[PDB]
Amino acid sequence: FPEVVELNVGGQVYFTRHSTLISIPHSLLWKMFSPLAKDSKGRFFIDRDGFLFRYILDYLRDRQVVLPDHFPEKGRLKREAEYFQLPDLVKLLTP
């Protein structure tokens, strides 16, 4: 795996460091990028909502997440956290 990974999430492209992807062991992204579907341009493909991945990705990097005011999609973000298997992130999203 390269040092900076080019991902395609539901058509949303993200560049990120490999260290961020494997930050939480036994998580979905850890299982994927620890020693895969690719698109036409060769980018590794994640079949999930591209917009919500920003905040999933921010948690892996900083182990915390600041949402905007009146964030209309917390329920959706929590669902994504479940898919990527991030128990603590689901916990933070528990009201």
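Residue numbers here begin at 1 and follow the sequence given.
For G50, the fraction of other compared entries lacking coordinates, among those that model flanking residues, is zero, nowhere near a third. Missing-residue comparison: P35 falls in the unmodelled set for a third or more of the other PDB entries checked. The gap between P35 and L36 holds 4 to 9 unmodelled residues of the deposited sequence.
Set 66 to 74 against 39 to 47 and average the Cα temperature factors; 66 to 74 ends up higher. As recorded in the PDB entry, 86 to 94 is the stretch of 3 to 11 and 86 to 94 with the greater mean C-alpha temperature factor. Per-chain ranking of the deposited C-alpha B factor places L52 in the lowest third.
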